[PDB]
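Just the one chain here, laid out as structure tokens, in the form deposited in one PDB entry.
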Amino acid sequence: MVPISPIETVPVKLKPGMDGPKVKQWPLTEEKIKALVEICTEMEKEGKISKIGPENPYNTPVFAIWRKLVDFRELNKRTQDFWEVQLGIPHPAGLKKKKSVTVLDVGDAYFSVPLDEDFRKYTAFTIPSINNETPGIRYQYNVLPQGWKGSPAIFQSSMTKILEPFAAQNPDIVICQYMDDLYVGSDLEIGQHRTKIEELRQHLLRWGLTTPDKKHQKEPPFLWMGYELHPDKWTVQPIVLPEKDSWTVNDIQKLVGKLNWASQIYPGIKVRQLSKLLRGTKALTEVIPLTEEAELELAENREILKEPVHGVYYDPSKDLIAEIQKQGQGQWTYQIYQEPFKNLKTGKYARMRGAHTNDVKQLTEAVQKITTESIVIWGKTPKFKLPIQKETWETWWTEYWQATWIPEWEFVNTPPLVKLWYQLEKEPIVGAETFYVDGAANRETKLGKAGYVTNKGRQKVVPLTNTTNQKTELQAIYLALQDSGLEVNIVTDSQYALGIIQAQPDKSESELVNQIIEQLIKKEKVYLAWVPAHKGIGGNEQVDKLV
């Protein structure tokens, strides 16, 4: 016999202060008992388990579905935490094309990785006796049991330590571990490739691990995690949008799931209205009617999803480009590619929940998201193509009160273009009328007043019902914008209104703020000055609006 190299065992402990499992074995039928006796006899003959005496106080229930299935949920609750087997799902667009990709089944190695001997006693289980007239057969695992908390991580780490020298001495190939399968890709000639595959089978056999000589079951196209992986391209598994006379909540969640999933390769997917119908429902069986916007959006989706689209694999010798387009209603779409008309992947970005916003902030956030995703998938930031002029961005970030930055980018003339819709003056305007505005409201009756007095003697006060102080302050500014020329100075004491306007929104939840924005867009010059209230600053008339 050729000596087999021993696999180093991982020291395993229980959670602090806890003790091993002690679960009562379920009574089994005589047939199931016989089946488990045969299976456990074979496994004991193979070395996966070993018989133990009565000194072991631990027990884990065993079932047969024959097939043996041990329920380790309690021991899993009591087992220490391990490092994750994965920190994320690989994305197909990050894979690098290979002339040959071979699949090796290392499933038989799962039972060949030994278990820490001080921990084996916690895996004890009992086969019940026929008619329960003898003591049940007591076993404990000597290898990583299927279903135990630490089996995948210990198996992956053991396999990685085994494969490390083979991967080091063969830098012209690529070895990837995924569950109980190894994937070996290379650009070598097919003969040299199969040769190095045989070398890997030998190197693995030096630890006693067996790879099947049988022709494998996996072969192009690889179906994996909702993906189709082809030798030269990738896509998502076929996305079929069902025809429904009426849509329920789970149908809309299935549809928004199919659309979100399809959006990573199909450009232009929109999910705003369909996901908007799921607002605050929390009822899985509730039937919700479709708005017309959801119907137009769904029709555009069916038009985009009518014929297959594929993405290409990553070529590190070419540049990485990401292009963004605005879709409206806080929706954005983007394509990441290295060659024109050949996308690596696509995606979308929806604006965050907020009371006020503008397009520039949303484009910025989308750029940050694409940057992070790109560093995840490819390990580098892409060059951006953005629908915004250089002078627009320069004006924005030079005048914005927050620090902001977008990485290397270039302007692409693809409407709608992101623009600045208004810009407030830095100094008071000579020759322009000066509107002193104020508003006030009663906390109990909700009655208020909003108005202005100007240097030319122009005045206005408007009474309001069902309003607040903030609403009357905004309303006062709005009135000043309504009744003034193309250039106007505006004096307010509202720290709230100044806080809103200095954030430079172009859209808002409040219709009053949106009206103020529409007024600001029409003006040529607007200077907004703030003063402290109740300080006797004449013009600023708190009494005119508190009557």
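The numbering used is simple: start at 1 and walk along the sequence shown.
Although not depicted, the form solved in complex with a small molecule is the subject of the following passage.
Within 4.5 Å of the small molecule in the entry with it bound, a heavy atom is found for not a single one of 15, 271 and 274.
Of the listed positions (38, 30, 55, 509), a single one reaches within 4.5 angstroms of the small molecule by any non-hydrogen atom in the entry with it bound, namely 509.
Put simply, of 138, 446, 201, 351 only one has a heavy atom within 4.5 Å of the small molecule in the entry with it bound, and it is 351. The small molecule in the entry with it bound comes within 4.5 Å of a heavy atom belonging to residue 357. The closest non-hydrogen atom of residue 115 lies beyond 4.5 Å of the small molecule in the entry with it bound.
Contact annotation for residue 81: none of its heavy atoms lies within 4.5 Å of the small molecule in the entry with it bound.
Under a 4.5 angstroms non-hydrogen atom cutoff, the small molecule in the entry with it bound has residue 164 among its neighbouring residues.
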